[PDB]
Amino acid sequence: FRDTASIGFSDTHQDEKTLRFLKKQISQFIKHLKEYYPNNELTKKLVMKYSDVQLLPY
Amino acid sequence: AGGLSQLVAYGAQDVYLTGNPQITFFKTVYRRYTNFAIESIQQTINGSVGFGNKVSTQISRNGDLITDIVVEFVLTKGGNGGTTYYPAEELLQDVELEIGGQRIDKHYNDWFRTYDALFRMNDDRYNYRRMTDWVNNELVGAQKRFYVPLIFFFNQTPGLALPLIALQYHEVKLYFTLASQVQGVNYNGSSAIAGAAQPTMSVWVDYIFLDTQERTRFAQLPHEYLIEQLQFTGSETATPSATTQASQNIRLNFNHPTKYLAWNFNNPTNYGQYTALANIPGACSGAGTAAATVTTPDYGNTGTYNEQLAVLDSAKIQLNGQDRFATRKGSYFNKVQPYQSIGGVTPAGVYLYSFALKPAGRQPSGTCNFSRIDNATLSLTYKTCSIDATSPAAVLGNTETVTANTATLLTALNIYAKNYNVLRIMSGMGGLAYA
Amino acid sequence: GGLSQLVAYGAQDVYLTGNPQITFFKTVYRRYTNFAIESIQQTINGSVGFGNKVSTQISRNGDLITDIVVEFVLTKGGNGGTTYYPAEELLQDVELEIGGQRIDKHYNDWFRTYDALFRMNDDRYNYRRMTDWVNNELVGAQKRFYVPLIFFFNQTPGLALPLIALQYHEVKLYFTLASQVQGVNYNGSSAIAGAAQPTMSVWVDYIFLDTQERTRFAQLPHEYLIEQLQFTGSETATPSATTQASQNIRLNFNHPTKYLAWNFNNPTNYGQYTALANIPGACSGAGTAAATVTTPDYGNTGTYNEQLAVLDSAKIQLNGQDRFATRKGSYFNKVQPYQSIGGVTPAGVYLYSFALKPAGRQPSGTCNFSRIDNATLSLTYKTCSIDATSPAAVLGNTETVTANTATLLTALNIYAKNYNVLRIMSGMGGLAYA
Amino acid sequence: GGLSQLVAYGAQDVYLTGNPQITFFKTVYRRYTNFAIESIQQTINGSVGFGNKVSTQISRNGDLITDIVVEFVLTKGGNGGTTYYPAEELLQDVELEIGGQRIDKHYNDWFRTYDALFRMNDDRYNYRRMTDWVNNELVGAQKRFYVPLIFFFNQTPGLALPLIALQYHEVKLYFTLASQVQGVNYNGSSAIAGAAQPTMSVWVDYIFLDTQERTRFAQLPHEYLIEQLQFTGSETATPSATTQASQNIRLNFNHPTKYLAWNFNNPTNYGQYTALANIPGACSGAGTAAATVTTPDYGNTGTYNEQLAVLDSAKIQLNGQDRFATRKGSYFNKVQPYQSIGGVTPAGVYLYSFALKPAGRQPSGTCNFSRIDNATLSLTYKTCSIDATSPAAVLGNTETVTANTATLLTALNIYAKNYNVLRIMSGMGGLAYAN
Amino acid sequence: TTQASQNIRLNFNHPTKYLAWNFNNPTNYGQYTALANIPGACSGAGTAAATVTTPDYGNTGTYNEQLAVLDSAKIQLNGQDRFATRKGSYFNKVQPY
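Listed below in structure tokens is the structure:
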């Protein structure tokens with residue numbers, strides 16, 4: 005029938021977590037001073053916080 | 002002689018201006034751009050329409066990208082000229098932007114008024130008022146079509162056009178709440194206007210049609226659009242009095258990198274009233290004469306630059322217990338901040354504090370990340386409410402720290418924060434990077 | 003203080019400030035070429051006077067030219083309130099000729115339409131101070147007006163016309179002066195005895211280039227992306243008090259068009275795009291016993307009161323297909339300018355852009371009418387049912403109607419602005435497309 | 003719809019969209035450095051009061067400085083209409099010094115001239131709100147006035163003064179306060195008994211930089227392209243009913259100059275660049291029996307009524323030769339600003355640019371006076387034959403004449419704005435060129 | 244004269260099953276609503292002696308929502324609405340239904 009291949013609930017790319025995420029970033033890389041670390045590693049910090057999809061057979 | 006006499010007046014102090022020249026002004030090369038076309042297309046409105054109703058629209062896939070959105074309304078005057086104040090703006094109580102089933106943003110009629118008060122200017126501001134009010138001394142029964150452009154990030158620059166084309170499986174929806182009452186249209190102060198007509202509403206979306214090379218890339222590639230969002234909370238205003246300067250610590254429940262905060266004090270009774278009423282020309286209904294009352298504004302002249310009628314004396318913002326800046330007078334927030342940061346003129350009762358060099362632009366220019374601040378607080382001090390609002394000698398002839406007795410009617414405080422977020426779009430779906 | 007904000011940093015900031023590319027606290031200024039600019043008077047050929055045709059040849063004093071200002075000196079033939087941008091009315095038209103080819107042409111009405119749409123704020127106010135009397139001057143007052151021209155090279159140095167690269171070609175301006183100017187030599191249809199003839203002077207601002215820059219312009223080929231005005235006059239499907247007039251005009255337009263613009267007017271009175279009425283400013287004497295809805299308050303000819311405008315709605319159809327859904331006249335008057343210009347357009351003047359930013363120099367979307375067989379502008383007019391002599395009738399009325407005096411707006415002026423290329427090579431120039 | 007425009011592609015579209023280089027529908031914003039801004043109060047040395055000279059050293063709290071606002075608290079010594087930009091009048095001048103070396107200096111009249119030429123629309127109005135009383139305030143009224151400074155680093159972040167890179171040099175501002183301010187402590191020549199002394203405070207807006215940028219600023223040498231104001235006051239070859247006075251003023255200017263600016267004025271009436279007359283707003287009591295054309299309507303001192311201006315025509319010569327053809331004073335008042343700035347200039351204020359766009363910061367053509375042996379401003383004045391007390395004579399007259407009261411405009415102020423280079427090296431600095 | 248508003252940070256910990264709350268008059272135990280001159284809503288309600296300063300203590304609690312104070316409410320977690328704003332009556336009648 006109707007073709008809607010999404011769920012439509014903003015649950016894929018939303019980083020809907022607390023502000024414990026930057027604390028996880030501090031304990032995830034190294035260097036508890038993240039005022040100069042994201043200023044240095046920009047792409048290396050960007051790719052560390054992205055999606056992961058688990059496809060369906062349909 | 003002539004221009005050549007200047008041209009040859011060349012020496013060492015010119016070297017850093019014209020030596021080893023890099024540019025000229027007399028050869029502009031325009032950039033070749035992708036082919037596209039723009040069309041304004043009417044959307045379907047779901048839900049009953051009229052005062053107090055909530056309606057919504059789903060933006061259809063007529064084109065590839067969307068930018069500017071204008072809500073049209075048809076309103077009829079419930080009274081004579083001078084009885085309305087931006088009534089189409091008042092009518093559109095709020096607008097909520099949902100993409101892919103999630104809130105992206107939300108605007109309020111008061112925000113539209115505050116936003117305009119701070120960021121529009123000159124003839125753009127006048128043209129805007131012409132689109133939301135009756136400014137040619139129209140009379141009761143007059144009918145006009147009003148236009149209320151939306152102020153979401155994609156409605157301000159093509160640079161943030163929403164790629165409906167790259168949102169194949171997610172819908173873009175706008176939820177619009179219409180006010181139950183609009184001054185000078187269906188209500189006059191607290192009274193209803195018998196026989197008032199209901200508004201007609203229509204929503205128009207400006208679509209961009211891209212050529213095939215551009216359309217292909219949008220449909221296929223992931224995108225991350227830097228967007229703006231409005232955060233807003235309403236607060237109780239510590240009420241000032243004739244006998245005291247009230248003070249207040251307001252907790253600011255904000256998050257994300259914020260360009261600026263903005264706020265106003267108001268009297269919810271009368272839309273757009275950010276100042277005290279007074280018997281001085283334009284400051285109250287009938288102001289300047291015997292019949293003047295300081296219980297009702299001259300609605301058509303609700304806004305004013307008369308600082309004396311503003312309630313705020315001074316303020317500071319604290320972040321996690323540390324003063325952000327030294328306490329400054331309300332007049333700093335009202336005149337200096339926007340002088341430096343916007344370049345327009347801000348009405349009395351409306352305040353701005355920027356964390357950015359240029360808060361009026363799209364390009365980030367300094368932000369305050371409130372997600373890293375446990376306790377952001379706006380600390381306010383109010384003026385003494387001892388001036389007899391009905392007597393110009395007291396109203397116009399008075400001190401810095403003292404305002405109208407009628408300033409105690411301005412009991413509501415609206416605090417806004419405009420911030421950044423990222424709208425990530427991939428494989429037909431999207432949403433914001435940070436909740 | 004400020005430190006408390008710097009420390010407030012985390013993942014949400016990375017997209018804004020990580021691996022920073024720019025700062026705001028240090029500007030690199032770009033070294034530019036060496037040049038100077040001089041204002042030089044041109045000689046006017048022919049005979050200056052009302053209704054006369056004159057012309058001027060631009061002298062080779064400098065290498066490039068930009069701004070052109072035409073000075074006129076006029077004396078008031080009546081009191082304050084009797085004139086409306088009279089220097090604009092006087093410069094009936096100006097034609098730009100390069101190498102004997104017609105490149106462009108403006109009309110007094112275009113200057114008025116253009117101003118109505120694209121100038122604004124104090125640019126517009128200062129602009130009026132140069133073409134009219136705005137300090138309540140009285141009969142006999144004499145003023146020099148400065149009418150800037152608005153050809154592509156008169157708006158930006160980026161398109162300065164390289165006379166240096168045009169060694170073989172003359173650049174000329176042909177001017178038509180109006181037979182009559184309101185409040186100067188005529189008052190409505192009446193002549194004003196004793197009115198003076200105009201004094202005219204054309205000033206061209208010429209850029210002097212140093213050796214390296216001058217040589218490149220003189221020797222290299224150039225392609226200047228310029229804008230041109232297209233214009234045709236039409237008879238208006240004259241509004242009526244009994245019904246809604248309608249009209250469909252095939253537009254004889256060409257080239258990638260950034261926008262269309264149009265107005266309805268009473269050809270009798272320069273700048274009158276709206277109906278006359280007995281409401282303040284809408285007619286001579288409006289608001290009192292002496293009010294006449296047959297003559298405008300000339301000093302207040304233009305207005306933002308849309309009730310007096312005549313366009314109910316409009317659309318543009320291309321080769322039988324709608325280009326957009328029909329929109330109301332107030333869309334074209336208030337929204338288009340809001341979205342595309344950022345200024346405030348007077349009632350009776352309409353704009354429809356095909357461009358994101360039509361007010362600028364850089365192309366931002368165009369409609370190429372050179373590939374459209376039937377570009378038709380469809381106009382629906384308001385019903386002129388309002389008794390203009392009764393301010394209540396005007397001020398309290400509905401969306402679809404206007405003044406009975408709106409039927410006087412019998413002329414229709416439709417403009418289009420497009421892009422073309424002015425090619426310059428081996429000392430000569432001309433347009434790439436006709 | 004829009005699709006028919008996209009599809010009908012032809013030869014003339016090639017020069018607009020063929021081999022496209024850009025789009026408009028996806029803006030990538032540049033990532034900027036991490037910084038924050040703060041307004042910090044300075045301590046003023048010396049006593050503030052009318053006629054006093056005071057100064058302050060800018061505190062080393064942040065790394066860079068930009069905007070500076072001087073706050074004043076003034077009171078009204080009379081009713082509305084008695085003052086004219088009194089906070090601007092009060093701040094007689096400000097001198098900027100680095101390491102003991104003069105960098106620049108502004109004058110109250112310059113602020114008025116600058117405003118008259120370069121601010122506009124609601125920027126100009128908002129500015130007026132910060133320096134005057136514009137809501138018909140009455141005698142005894144108290145207001146806080148903000149006078150932003152106009153030094154080169156007060157206009158753009160791009161020139162933020164690197165206090166951080168000046169480890170060995172002090173930076174100071176010297177402020178001269180006027181002996182009298184109209185409508186505050188004096189009314190025309192008469193002192194106002196009981197007039198209050200001004201309260202004054204200087205606020206400097208600092209930028210706090212993060213680690214990497216602070217390091218670079220502290221350690222690297224810098225060369226900041228700056229603007230400077232040159233100024234000399236002159237006696238005016240005052241015109242008369244009996245003659246067209248003329249004058250040749252050798253211009254003692256140096257450096258690459260963007261523009262010259264000047265005005266003629268009444269030595270005792272701040273901001274009066276035009277003759278007084280019995281026409282609305284042009285004099286005290288204008289329009290009635292009590293009208294006098296010896297005293298202005300102070301609150302309405304400024305005007306666009308050129309009839310009351312005194313310059314018939316002018317030219318600038320370089321090395322004794324004409325630089326451009328002689329033009330009418332109205333050219334320098336209306337056209338030059340139209341072309342070079344885009345705002346509206348008040349009658350009596352004139353501009354001549356040597357630059358395409360002097361209003362900006364980027365050089366766009368300059369006249370280097372350090373290479374011009376004999377630059378001269380040649381003036382021709384209007385004939386002062388109009389009986390200023392008669393509107394028939396004032397409002398209906400010819401191009402070459404002015405008011406008999408125009409002979410009161412005996413002061414001539416000639417300014418020049420130029421470029422120089424401010425070098426900061428190893429913690430110290432100063433300017434590259436003296437002249 | 245105005246709709247009052249309030250933002251209350253919730254200093255809670257642990258895996259909460261539910262929140263519950265009430266508004267009350269500290270003077271009168273169990274008074275969660277406004278007092279009124281309608282049967283059971285105040286001391287003396289229905290007669291000449293009625294006062295709306297003191298409750299009918301034996302009938303202190305009521306089901307008459309008109310006397311309820313809360314107009315609407317929402318709960319946010321890290322500034323994000325946990326649910327769309329609902330009326331006070333939603334939290335009084337529907338939730339427990």
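Protein sequences, first through last, are from chains c5, h8, f0, k6 and k3.
Just so we're aligned: 52 in the entry's author numbering is position 48 of the first sequence, and the numbers increase by one with no gaps anywhere.
Just so we're aligned: 238 in the entry's author numbering is position 237 of the second sequence, and the numbers increase by one with no gaps anywhere.
Just so we're aligned: 51 in the entry's author numbering is position 49 of the third sequence, and the numbers increase by one with no gaps anywhere.
Just so we're aligned: 71 in the entry's author numbering is position 69 of the fourth sequence, and the numbers increase by one with no gaps anywhere.
Just so we're aligned: 246 in the entry's author numbering is position 3 of the fifth sequence, and the numbers increase by one with no gaps anywhere.
Beta carbons: idealized from backbone N, C-alpha and C, even for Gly.
Short CB-CB distance (under 7 Å) between residue i and chain h8
i               : result
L46 (chain c5)  : no
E20 (chain c5)  : yes
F13 (chain c5)  : yes
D106 (chain k6) : no
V186 (chain k6) : no
Residues that residue i contacts on chain f0, provided the C-beta gap is smaller than 9 Å
i               : result
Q29 (chain c5)  : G12 and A13
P365 (chain k6) : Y31, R32, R33 and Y34
Coarse secondary structure for residue i, derived from DSSP in three states
i               : result
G289 (chain h8) : coil
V295 (chain h8) : coil
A377 (chain f0) : strand
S332 (chain k6) : helix
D106 (chain f0) : strand
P150 (chain f0) : strand
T217 (chain f0) : helix
Within-7 Å CB hit, residue i to chain k3
i                    : result
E237 (chain h8)      : yes
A277 (chain h8)      : no
residue 1 (chain h8) : Because chain h8 here runs from 2 to 436, residue 1 (chain h8) falls outside it and cannot be looked at.
Cβ shell of residue i (< 7 Å), same chain only, five flanking positions each side left out
i               : result
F255 (chain h8) : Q232, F371, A377 and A418
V351 (chain h8) : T115, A118, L119, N265, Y275 and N335
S203 (chain h8) : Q43 and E73
Nonlocal neighbours in the same chain, by C-beta distance under 8 Å from residue i, ignoring five residues either side
i               : result
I281 (chain k6) : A288, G289, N307, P393, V396 and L397
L168 (chain h8) : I100, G101, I426, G429, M430 and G431
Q246 (chain h8) : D314, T382, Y383, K384, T385 and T402
Chain h8 contact residues for residue i, given Cβ-Cβ distances below 9 Å
i               : result
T244 (chain k3) : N268, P269, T270, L410 and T412
Under 7 Å by beta carbon: chain f0 residues contacting residue i
i               : result
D212 (chain k6) : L8
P150 (chain h8) : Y340
Beta carbon proximity, residue i to chain f0, threshold 7 Å
i               : result
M427 (chain h8) : no
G289 (chain k6) : no
CA nearest to the CA of residue i, picked from the options
i               : options                                                               : result
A277 (chain k3) : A327 (chain k3), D324 (chain k3), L310 (chain k3) and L320 (chain k3) : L310 (chain k3)
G331 (chain k3) : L253 (chain k3), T244 (chain k3) and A263 (chain k3)                  : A263 (chain k3)
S14 (chain c5)  : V9 (chain h8), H171 (chain h8), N21 (chain h8) and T25 (chain h8)     : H171 (chain h8)
Chain k6 within 7 Å of residue i, Cβ atoms only
i                    : result
residue 1 (chain h8) : Residue 1 (chain h8) cannot be examined here, being either before or after the span of chain h8 that is shown, 2 to 436.
Neighbouring residues, chain h8, relative to residue i (Cβ below 8 Å)
i               : result
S248 (chain k3) : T234, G235, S236 and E237
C369 (chain k6) : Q7 and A10
Contacting residues, own chain, Cβ-Cβ under 6 Å from residue i (five flanking each side not counted)
i               : result
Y109 (chain k6) : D95
Test: residue i CB closer than 7 Å to a CB of chain c5
i             : result
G4 (chain f0) : no
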